[PDB]
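For reference, the chain that follows is the form deposited in one PDB entry, supplied as structure tokens.
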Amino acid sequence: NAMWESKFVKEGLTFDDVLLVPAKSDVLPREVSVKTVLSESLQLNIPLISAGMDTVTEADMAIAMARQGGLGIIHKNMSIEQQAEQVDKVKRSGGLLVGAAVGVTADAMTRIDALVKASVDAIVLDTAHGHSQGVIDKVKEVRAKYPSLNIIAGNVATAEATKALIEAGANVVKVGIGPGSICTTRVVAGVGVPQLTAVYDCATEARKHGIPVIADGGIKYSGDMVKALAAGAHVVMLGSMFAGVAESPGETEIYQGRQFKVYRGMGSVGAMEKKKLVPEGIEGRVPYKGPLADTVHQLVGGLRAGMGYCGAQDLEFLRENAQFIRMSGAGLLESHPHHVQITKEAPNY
């Protein structure tokens, strides 16, 4: 009926579809604030979270992330005991902040119990499809048992899903269905929402409740992070940009004189190992990047420049005030180096 007619009405934008419009500024990049408050008990000095993936974040990454002012989410592909131990390892390293991923399973509360005993700062109820009754029920259950626990729930890509998770008791909503570098959800299932639109739609709803959103996935360059925050996210979550730094789990492997690390979807064959569901992610390799610090300095540096250009003395200004301009593929081609043969790779390109 009405739904038949509306089938093709909506349009969505992703990072490469837009640029931020420069505005009047009296702030230099080095003077801007990149601090962000997710809740009364979860305040970050930089708006970056490392993904809860088995090739991105265990304790060493979470420690390094927290020291940089961000947050690491310890992944769930390990025993309850192992995960609680990893969380504890971060906490004893100076009381740094740490998060931990939990799936929607029968043993989820048991896992959460142990993580809370280990002093975890946030639980991520991490699911392929956040807008499901199973997730909502689990959030309600956790919130009822743990009234003060930071609950990040996702992933979602619509205002309605956002509303549903907030009402169930989530105090942070994680946004992103299909944008991940290692993701095949869009190809396998045909499902997704271009990430900038997802963030904006979800932020529009979350704003109404004073709830922050995390822009998760699809960020390839520091400028994409600026765009995600300007689209309304309080913070971003990164997988590929952190895979391959020294502190990520996994060994550095050498092939034809170059150092690589494995990076894979949590929905890839190998990760799911560690009718039945078909994979929704791939396994790959990324160049070894060296220490996390060097990568974070480039990311935050890019954000500082973007904020300076937008006249954003802080992230709240950026979310509330920054404006985009839409462009075509031709626009995109102009927006990367062109017609010159690059001889040195830059630290941020």
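By rigid core we mean the largest C-alpha set that fits within 1.5 Å across both forms. Numbering starts at 1 and follows the sequence shown.
Just so it is clear, the following notes concern the form deposited in another entry, a form of the same protein that is not shown.
(request) Determine, with the core as the superposition reference, the one member of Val139, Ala203, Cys183, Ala164 that shifts its CA by 2 Å or more between the shown form and the other one. (result) Single hit from the list, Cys183.
(message) With a change of at least 3 Å, which way does the C-alpha separation between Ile214 and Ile182 go in that other deposited form: closer or farther?
(response) Closer together, by at least 3 Å.
(message) A 3 angstroms or greater change in CA distance between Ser181 and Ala305 is reported in that other deposited form. Closer or farther than in this form?
(response) Relative to this form, farther apart in that other deposited form.
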